[PDB]
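> Starting from these lines, generate the structure:
(3 chains)
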Amino acid sequence: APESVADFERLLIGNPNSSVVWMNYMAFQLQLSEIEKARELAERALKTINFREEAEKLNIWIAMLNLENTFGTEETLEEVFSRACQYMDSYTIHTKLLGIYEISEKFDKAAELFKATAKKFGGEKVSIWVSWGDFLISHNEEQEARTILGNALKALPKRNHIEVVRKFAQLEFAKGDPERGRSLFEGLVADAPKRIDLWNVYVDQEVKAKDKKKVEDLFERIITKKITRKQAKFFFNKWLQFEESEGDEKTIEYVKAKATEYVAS
Amino acid sequence: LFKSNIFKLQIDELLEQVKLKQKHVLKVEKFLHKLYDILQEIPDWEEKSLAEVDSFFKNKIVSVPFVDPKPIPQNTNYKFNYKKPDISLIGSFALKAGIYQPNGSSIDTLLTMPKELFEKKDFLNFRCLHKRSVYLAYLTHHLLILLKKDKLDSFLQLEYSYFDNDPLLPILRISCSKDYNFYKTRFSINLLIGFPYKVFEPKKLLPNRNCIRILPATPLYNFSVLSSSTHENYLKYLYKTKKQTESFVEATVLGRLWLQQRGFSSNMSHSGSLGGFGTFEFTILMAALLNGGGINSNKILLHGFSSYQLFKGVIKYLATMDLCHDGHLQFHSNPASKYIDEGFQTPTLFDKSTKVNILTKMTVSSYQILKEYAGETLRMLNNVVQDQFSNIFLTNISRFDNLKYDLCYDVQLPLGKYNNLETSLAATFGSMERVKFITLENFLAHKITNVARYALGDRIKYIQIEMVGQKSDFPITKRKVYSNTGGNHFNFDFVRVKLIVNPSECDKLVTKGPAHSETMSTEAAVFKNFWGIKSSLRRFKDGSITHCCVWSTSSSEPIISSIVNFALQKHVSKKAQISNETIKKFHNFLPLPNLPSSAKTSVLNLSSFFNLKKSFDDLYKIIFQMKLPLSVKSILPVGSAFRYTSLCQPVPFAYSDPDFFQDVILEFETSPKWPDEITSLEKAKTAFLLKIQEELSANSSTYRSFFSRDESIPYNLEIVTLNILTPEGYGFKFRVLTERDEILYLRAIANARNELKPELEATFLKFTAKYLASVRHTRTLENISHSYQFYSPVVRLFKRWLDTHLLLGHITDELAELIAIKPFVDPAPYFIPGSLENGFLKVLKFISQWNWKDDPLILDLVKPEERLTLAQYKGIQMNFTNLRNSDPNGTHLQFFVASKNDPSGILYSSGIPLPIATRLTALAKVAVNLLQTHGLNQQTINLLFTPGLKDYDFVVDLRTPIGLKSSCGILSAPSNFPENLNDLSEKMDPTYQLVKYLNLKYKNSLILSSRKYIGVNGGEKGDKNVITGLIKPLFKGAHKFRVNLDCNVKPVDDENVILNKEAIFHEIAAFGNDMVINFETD
RNA sequence: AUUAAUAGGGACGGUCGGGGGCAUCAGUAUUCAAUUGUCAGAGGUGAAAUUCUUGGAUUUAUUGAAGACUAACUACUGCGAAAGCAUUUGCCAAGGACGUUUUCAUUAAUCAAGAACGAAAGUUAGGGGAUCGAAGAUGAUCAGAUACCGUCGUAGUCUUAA
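Numbers count the residues shown, from 1 in each chain, chains lettered A, B, ... in the order given. Below you will find the coordinate block:
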């Protein structure tokens, strides 16, 4: 491997757009207890790489920040932050910083990183709200994610309402309160019972919680909703799929009798 | 890239300094060919029991070096024999790591034992170790017959030894005394015997498993058992690790260079010393660093990296990755290294394939002591300004016990014989206590280190109990290391306790403990037993309750000086007496201040100095808000009492000390209406201080008032100093300052011609250091002493050691304080200064090798981790090389003492004569050389304050009318002033102004130096002094007819004039006729 | 060396713009929450209805949190390739007009093909849902990846009026 001062520098003449060499060089420079040659390396790879490569350029600011996460300073990681906020996007380095502070064991600044990015990218983007949702319920703060989710309904337009309120449900069904996640599915299906895009993602997740009492109840009532033939026969195919996995073939037997009689009209 | 390449040129040349030639290794390996041939004819005898072994060797020359416990026939069932062993190479010469050293080294020629001669039960009851102690004397019995037959024994000798200073494996040593002649190479051949690789069970020979069943965990006994098998496989790792790294041996050479500087090597440290991890473990750690090192086996050091990367990263891993109380290191020789984050209360470097601890040789006392130097040495690889290659290895750090440590005491261990230890020590020493620590040199070594651990605790930085007089050698015709030294039967003469103390807790009186409760808690059980009647119930300031002990404060010793005698009295030895007689008389050379609890004031007690700062603040409190025509904006003193630089501690009503009035520099509002004349400048500012005196005379009758002119400014005779003495007894010399002071000085330089420009520039430096740069140094004087208050205990006494030798009359106190503050900001390669004995001995060695021509002084006024940058400190280097153009030998510019505020170097050290500076270094050369040659004793300790005053054409002995030691505030007092304040100066030093006129008139022919502090430097009366004076070199030859020779000379002919000493002796005699007592004329 | 298209690039310096990207600070106006005084109405309408209301609707005032924009000044005002564009100030790069006995001498004009900027827009229920396929369920990947690798399949993709 490249393990010398002359080794990784020679590869820069052959590979100018490769920040992966400087990603191992900063691991090779600061391993010798002198990170000033590693802070020089992330500064050098910015002016050596091609400007058309955005995968290594944004990662270069993510490299000097993650090096700053354990081995940096207070205002040095922030002066590199507002330099990446001018040369690149703001919240995408902050959603990288929210994942970095999730690993950095600084929950207080990550609480500040969730709020300071909520002023910029809370009103227009529905993306980081679920990122605050998964981080809250993993720390067992279930009502805290539910508090700003109503703020996330007051954050963006009516198009992001069906997107974000669905995203809180599967985040809670994974690691939070799935009864209020299914109540979000009970809310999104009572908001629009003619839109099967919320009930099917519920029926995929209710049959991912493996409750045949919960899944087949939402399966039996969806066929009696405003659904066509393709949402009648293929939703029965999800019913025969769920009855196969459980262990009672009686419900697998009459599921073909419930769908074929409903088409007999 | 300049931190590596300038280090690599300092690494590649330094490895060439110790360059071992191929000629020395030639006859050393050819003598091994005479060793391998003669051992190849060493035959095997028959198998015999333990009883037959003592029958054959008691009448023979060879004797078995049996370790404790020796074998007994009532417990010996197996047999013993000698065999033809498989000899091999291991160590430095097998990895090509050897180099030229003057003291010499040992060549580890390993002899592997035969596997069939050891049973399956060889690991327990010391069975295989009974084979190794018998076969090593047997192989020495066969080789001495073979080496005598080859007639090489005339300069070759055989004796007993131990491998790595561990007594559990008896071994022989071969050397050369003054074809096979290796006496020119000075390499010794260590005939080491090791066992076969895992001939016993390595899983059963781990640290937690025991091999003395009669069990408790035997970590050290299994360390000598299991590592006897790893001599071949671990060496095979470093054989191939040398081929994968181009600078494995070069960085382990710098690792061998750095570890030898602080006393770390392959010598054992459990026996009461410092060591256990040296060149053997660092090259092993360089194999673990070049094969991973992360917490999940990630990389720590590179394979293709050079010596600049492998040397710094491993010691930083020795500093930042803990191995003693927080974690442990893993290794595998048979696959990466992955550091274990669980500790075992000692150093534990895990060999996962060999089941032995590679850091087992170092105890807890020697583990953390190397880490404080590791972070110190790794910080030197982090600095981007100073050169750090000489600071690592080329500066010996292990010379004196008073140098690298704060205090070392001689506690004699008259413990006697082993069976009489039931009445010698308070400890119960049996067979089970001697299971893992079987050697008696190790048993009290960690016990007294643990008994001192409850005694000092956080008051020090480490613990080092040193076994002075303990060797490792024995005769092969003798049993082991036996001696009748010190009245005892131990493997030492005595023991010495060494530690580097932290000054914020080293003299604490309230010995803190755990909290009290309803029942005696387990944490409170140990502290109550350790103190007993000394433990009592004492509450806190905020309301907390805990069991604590109050200690006794003294002006000659710290609080730990009693506890080192206390904790050694109870549980170490009832007859042992610990005493530190070096730092006891060292504190007696300082002035004893006349205040309450003066003998009860420790060296850290600085309450008397800050109490004088309260009165001056109360003095400035009446000054600052007062209404005058010109308002005040600056009220600050630049005196030596507020900067802790006064030789006398500030006592009230003290009129006789020269540092009584702390100097004051004050400033008014910005004013263009100040006059632009020098005589009119001090005529106006004294008028605003006249109304300020008129405001102090009107409604401030508690403070007194008097005026005096300060003649310390050359060519300025219009200045006036305001002397205000408060009601408590502290006086200040108040002088104003404006923007017209440096205006009149710089206009005096440019307007004057090329003739008189120099003296008005030096008198401008008299106005610079007293008015312009006065408060700038006074701000950083009190500031950076908060990191090391021992500088204030040393630099007040380092001038007191300088004032006793007639040096105060030519140098200022600021350049004397910055000399003793060089080992505070730059203490390399020693520890942090923490005592007056440590501070004075650091200044004694540093001022010895202080060559004033080649290297100047640039000390950073920065606290512990404000300093000048790399571009700024190089600008300070530009002041040296340009001034040395017309002053190359230090005759016109000797002491270049510079800092961040004054990089000119000549702030307080310009205008001084070079010949007194030559004796200032000579008194630093002879005083430090006397410490290492004749030892350090109180005959020599007070001798540094004893000047002989030789090389003198003039030596004047005098005695004053009133002895003024008690009047200066020195308790061998001051209570009130007189009714008229003019009579207060009648008890001052009369030789201060008598010698002030001496250098004034006769400067061109006489070199006048004298003492300014006659109260402490007078002895009993506090009024005695002596002045050493030498004639100039230019006025030592005949000087022709001129007018401006400025020499008190006589007629020698009709053409030449010479300074006749007859009128020259009487001229200083007719002035001081009342003080005329004695005068030496040569 | 035939001239330096009162063609053109390029260069200097004085200007200027609601130009755009980023940042700065300032401004009123709105919602929601904490909460006091008090209610027979409050909102809406041509008249009503509807809506919340001794659950204090409603008015005033205060604090917190969040989102939008620069009224009067302010206009046939300039600018931006067009689309578009208004607090104070900057950074970076772009631009109308300017003068050179500044530099080059046609480097210059229209653009198929082919590419870059970019004005509006995603709501109700009916059918179809063959294909695709977000939502999600998924086996691998990297240290880590809700992405790139493989699949089923919901809304939709096709159409019907508001």
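> from the chain's centre, how far out does stretch B:105-122 sit?
43 Å (Cα atoms, centre = their mean, to the nearest Å).
> residue in the stretch 601-750 of chain B nearest to chain A?
residue B:636 (32.8 Å; Cβ to the nearest Cβ). C-beta here means a position set from N, CA and C on the backbone, and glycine is covered the same way.
> Using just helix, strand and coil, how would you label that residue?
Three-state call for residue B:636 (DSSP: H, G, I helix; E, B strand; the rest coil): strand.
> Identify the nearest residue to it in space, disregarding sequence-adjacent positions?
Take residue B:636 and drop its neighbours on the chain: the residue closest to it by Cβ to Cβ, 6 or more residues apart in numbering or on different chains is residue B:775, 5.4 Å away.
> ok, how many other residues are close to the one you found?
17 (other Cβ atoms under 10 Å in any protein chain shown).
> repeat for residue B:975
Based on other Cβ under 10 Å, the number of other residues close to residue B:975 is 8.
> One more: residue A:261?
Count around residue A:261 with other Cβ under 10 Å applied: 10.
> how close does it sit to residue A:252?
16 Å (Cβ to Cβ, to the nearest Å).
> ok, the residue in the stretch 1-150 of chain A that RNA strand C sits nearest to to residue B:142 distance?
Minimum separation of the stretch 1-150 of chain A from RNA strand C (Cβ to the nearest atom of the strand) falls at residue A:123, amounting to 3.2 Å. Applying Cβ to Cβ, the value for residue A:123 to residue B:142 is 92 Å.
> Between the two, tell me which one has more neighbours.
Using other Cβ under 10 Å as the criterion, residue A:123 and residue B:142 rank with residue B:142 on top: 20 against 14.
> Wait, a strand at the residue of the stretch 1-150 of chain A closest to RNA strand C?
No - secondary structure of residue A:123 (three-state DSSP): coil, not part of a strand.
> Would you agree it is in contact with residue A:156?
Yes - counting by Cβ atoms under 8 Å, residue A:123 touches residue A:156, with 6.3 Å between them.
> out of everything not next to it in sequence, what's closest to the residue of chain B found nearest RNA strand C?
In chain B, the residue that lies nearest RNA strand C is residue B:296 (8.4 Å; Cβ to the nearest atom of the strand). Closest residue in space to residue B:296, ignoring its immediate chain neighbours: residue B:338 at 6.4 Å, by Cβ to Cβ, 6+ apart.
> what's that neighbour in contact with, if anything?
B:292, B:294, B:295, B:296, B:297, B:330 (Cβ atoms under 8 Å, 6 or more residues apart in numbering or on different chains).
> Repeat that for residue B:468.
If you count contacts by Cβ under 8 Å, 6+ apart, then residue B:468 has B:492, B:493, B:494, B:495, B:496 around it.
> now do residue B:772
Residue B:772 neighbours (Cβ under 8 Å, 6+ apart): B:741, B:742.
> switch the cut-off to 7 Å
residue B:742 (Cβ atoms under 7 Å, 6 or more residues apart in numbering or on different chains).
> Not counting sequence-adjacent ones, nearest residue to residue B:605?
residue B:553 (7.4 Å).
> Tell me the buried residues in the lengthiest helix in chain B?
Identified as the longest helix of chain B according to DSSP state H is helix B:127-149. For helix B:127-149, the neighbour count (16 or more other Cβ atoms under 10 Å in any protein chain shown) marks B:127-144, B:146-147 as buried.
> now do stretch B:715-734
Here stretch B:715-734 shows B:716, B:719-726, B:728-734 as buried, counting by 16+ other Cβ under 10 Å.
> Can you point out the helix or strand that includes residue B:467?
strand B:464-468 (DSSP states H and E).
> What of residue B:12?
Here residue B:12 is assigned to helix B:2-17, by DSSP H and E.
> Can you give the distance from that helix to the centre of its chain?
27 Å.
> CA atoms only for the next helix or strand after it, dumped as PDB, please.
On the C-terminal side of helix B:2-17, the closest following helix or strand by DSSP H and E is helix B:22-39. Below are the C-alpha coordinates for helix B:22-39, written out as PDB (Å, rounded to 0.1, in the frame of the first residue of the first chain):
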ATOM      1  CA  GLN B  22      32.200  -4.000  10.500                       C
ATOM      2  CA  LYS B  23      35.600  -4.600  12.000                       C
ATOM      3  CA  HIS B  24      34.200  -4.700  15.600                       C
ATOM      4  CA  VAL B  25      31.500  -7.200  14.600                       C
ATOM      5  CA  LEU B  26      34.100  -9.300  12.700                       C
ATOM      6  CA  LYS B  27      36.200 -10.600  15.600                       C
ATOM      7  CA  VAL B  28      33.100 -10.700  17.900                       C
ATOM      8  CA  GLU B  29      31.400 -13.100  15.500                       C
ATOM      9  CA  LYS B  30      34.600 -15.000  14.900                       C
ATOM     10  CA  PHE B  31      35.000 -15.400  18.700                       C
ATOM     11  CA  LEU B  32      31.500 -16.900  18.600                       C
ATOM     12  CA  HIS B  33      32.800 -19.400  16.100                       C
ATOM     13  CA  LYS B  34      35.300 -20.400  18.800                       C
ATOM     14  CA  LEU B  35      32.300 -20.400  21.100                       C
ATOM     15  CA  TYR B  36      30.100 -22.500  18.800                       C
ATOM     16  CA  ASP B  37      32.900 -25.000  18.100                       C
ATOM     17  CA  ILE B  38      33.900 -25.400  21.800                       C
ATOM     18  CA  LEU B  39      30.300 -25.800  22.800                       C
END
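> Pull out the buried residues from helix B:22-39.
In helix B:22-39, counting by 16+ other Cβ under 10 Å, buried: B:24, B:25, B:27, B:28, B:29, B:31, B:32, B:34, B:35, B:38, B:39.
> What of stretch B:230-241?
Buried, per 16+ other Cβ under 10 Å, within stretch B:230-241: B:230, B:231, B:234, B:235, B:237, B:238, B:241.
> Is it in proximity to chain A?
No - with Cβ under 7 Å from any Cβ of the partner chain as the criterion, chain A is not reached by stretch B:230-241; the gap is at least 13.9 Å.
> what comes into contact with that stretch?
B:88, B:90, B:94-95, B:110, B:112, B:194, B:197, B:248, B:283-284, B:287, B:290, B:333, B:351, B:354, B:356.
> With only the CA atoms kept, save that stretch in PDB.
The C-alpha trace of stretch B:230-241 is given here as PDB (Å, rounded to 0.1, in the frame of the first residue of the first chain):
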ATOM      1  CA  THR B 230       9.200 -17.100  23.300                       C
ATOM      2  CA  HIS B 231      12.900 -16.400  22.600                       C
ATOM      3  CA  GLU B 232      12.700 -18.100  19.100                       C
ATOM      4  CA  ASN B 233       9.200 -17.300  17.800                       C
ATOM      5  CA  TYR B 234       9.000 -13.600  18.800                       C
ATOM      6  CA  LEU B 235      12.600 -13.100  17.400                       C
ATOM      7  CA  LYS B 236      11.300 -14.700  14.200                       C
ATOM      8  CA  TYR B 237       8.700 -12.000  14.100                       C
ATOM      9  CA  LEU B 238      11.200  -9.100  14.300                       C
ATOM     10  CA  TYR B 239      13.400 -10.900  11.800                       C
ATOM     11  CA  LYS B 240      10.700 -10.700   9.100                       C
ATOM     12  CA  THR B 241       9.400  -7.300  10.500                       C
END
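> Now do the same contact list for residue B:27.
Residue B:27 touches B:180, B:181, B:182, B:185, counting by Cβ under 7 Å, 6+ apart.
> Which among those count as buried?
For those, buried by 16+ other Cβ under 10 Å: B:180, B:182, B:185.
> Among these, which one lies nearest to residue A:140?
residue B:185 (71.9 Å; Cβ to Cβ).
> my read: that closest one touches residue B:28, true?
Yes - with contacts counted by Cβ atoms under 7 Å, residue B:185 reaches residue B:28, the gap being 4.8 Å.
> gap between the strand holding residue B:467 and the chain center?
That offset, for strand B:464-468, works out to 17 Å (Cα atoms, centre = their mean).
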